[PDB]
Structures are given as C-alpha cells and as structure tokens.
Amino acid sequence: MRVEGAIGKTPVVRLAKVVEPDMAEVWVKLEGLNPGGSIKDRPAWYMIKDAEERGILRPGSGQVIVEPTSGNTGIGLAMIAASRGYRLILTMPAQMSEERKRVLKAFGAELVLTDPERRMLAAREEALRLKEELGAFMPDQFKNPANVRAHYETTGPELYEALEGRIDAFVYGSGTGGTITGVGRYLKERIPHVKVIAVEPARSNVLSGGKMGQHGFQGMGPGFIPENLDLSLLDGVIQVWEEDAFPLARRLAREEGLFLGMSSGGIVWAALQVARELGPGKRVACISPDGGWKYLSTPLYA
C-alpha cells in the first residue's frame, strides 16, 4: 500500500469538558490524522485519481500539475504528486511563510512566488499561464466535482457509520465547499431531519450577505462563494469571531487533549452553539480540518 492508501478512516471523538449538560452531544471527526496532515488529503487524491480515470493523467509519467495554493490543498497535492510521480508546481503570494514553503518543498513541489500585492489574483493568473504554456493539469479545487465526490464517497459514509446514522445536525467551516456539500448530501439522503450548518468568519461573511475580509481561520472562509458549495443544502450559516474561537481552541487542547487548527476552533465553537439549541437528547457532528501542528507560530498558540 502507498501513502494515498493511508488517507481516510479517521476517528471521531465526543467532547466531554467544553460542553454543558444542556447541550446535545458534540462529536468531532479528526481529519488532521491524515498522512498529509489535513482533510485536504481526500480532495487532493480524488482530483488526481479522477484525472487518471478520465485519461488526463497516467501515474509515473512525470506529467505537470499546477494549482494556485499554498494551503492544505497544496500539501495534499504535493504528497500525492510525490507518491505517484507527477511534477507539481504551486503558485502563491511571495509573502508566504518559510515554514509552509519548507513543507511544500520537502514533498518536491516547485513553488512560484507571485506579486505579494496582488494576493490570490496573481497566483491564479500564473497558474493559468503555466497551464496554458505547459498543457498542464490544474485540479481547480473550487470547481472540480471530484472534490465534492471525495466527501460524498468517503468522509460522509465514515461519519454516518461511526455515529450509527444518528446525527441531528452537521456543522462545518466551508472553504472550497467540497466537504459540506459531499457530506451534507450523503447525510440528507439518509437522515430526513438532519440540518446542515455552514460556518464562516464574521470578518469575511459572504454567505451571510456580508463582505469579504482578512481573517485568521486559515483554510476556511475564502471570501467568495465557490462553485463546489451547494447553497440549497444549507439550513443556516453561523458567523464566528477569532476572539471567541481561539480561546475555545486552547480549551479543547487543555481540557479535551485535542490540539486542533485555527478553523477547528471556529467550527467547534459554532457546533457548541448548535448543540445548545438542539438540547440534551440530540447529536451534533462536525469535522476538525487539521491539527495545531502547523500553527505554533500564530496567535492561536504563540
């Protein structure tokens, strides 16, 4: 078996200290326990596997893959490209942290640093230029249906099975939209009453009808509505503040032994609010995108 085969089948834990008696149960699926360190291992593998199935790629070919990202998707893609023999090029703003750059380069990914003032725009443009110039494959994480399918076929079934089909609400901090759409659809097809609640930063609350903005929940809240997000599935949207989520993330670590990432703090905070609304006999399920290992130099744990 290769590393791609080590992706998935992550555990789900029930919170016991940060919750209160008047709350529904709160379960958290730990996606940080993936070989790539995050939930992105799933869509990264699925988008590449889907490309191989469609004949766009053939493993061990040295074919070029390009994607504008330096986040978890970049790490997941780098891991898979290293394992399956593809040349990966990732575009990203020049202001990227040395830490992240080191992880990506460790996997052999080639990095192209773009205009720091043009943020994501310059990164997207360079990726498109390379795709055109090299005839490369671009996963296109925000609109590739294979992203959603990864969660519809693995993440969803796993969560459903682990919780024995008993879930009253599913809460998630949306990024590409793949997870909430894939898991949400899978759950709603089986649980008539289940509620699917999206979580987004109050500082970049576009799903709530607000405006995009800079925020600290790395990995979620892209500032736009991605094609992979099926709004028709949503039963609500909860806005979260770092001021509330970071202290909670620290409590999770000190009280539950759960050392999670920045987005996890926001997601769990939201899950607690939903748990209080539903009450004692209910069950709220949510997912922790990644662990705290990559954020020791951030205000979350610094």
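One-based numbering along the sequence shown.
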Q | Stretch exceeding the other in mean C-alpha B-factor - 78-86, 91-99 | A | 91-99
Q: Take the C-alpha B-factors listed in the entry for 249-257 and for 272-280, compute each mean, and give the stretch with the larger one.
A: 272-280
Q. When the CA B-factors of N147, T73, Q218, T154 are compared as recorded in the entry, which is the largest?
A. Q218
Q: Between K131, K143, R124, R166, let me know which has the highest C-alpha B-factor in the entry?
A: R166
**Q.** Entry-reported Cα temperature factor of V206, expressed as the chain third it lands in
**A.** lowest
Q: Compare the C-alpha B factor of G291 with those of the other modelled residues in its chain, then answer lowest, middle or highest third.
A: lowest
Q: Taking the chain's C-alpha temperature factors as the reference, tell me which third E117 falls into: lowest, middle or highest.
A: highest
Q.
Taking only the Cα B-factors deposited for this chain, tell me whether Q214 sits in the lowest, middle or highest third.
A. highest
Q.
Split into thirds by Cα B-factor across the chain's modelled residues, where does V199 land: lowest, middle or highest?
A. lowest
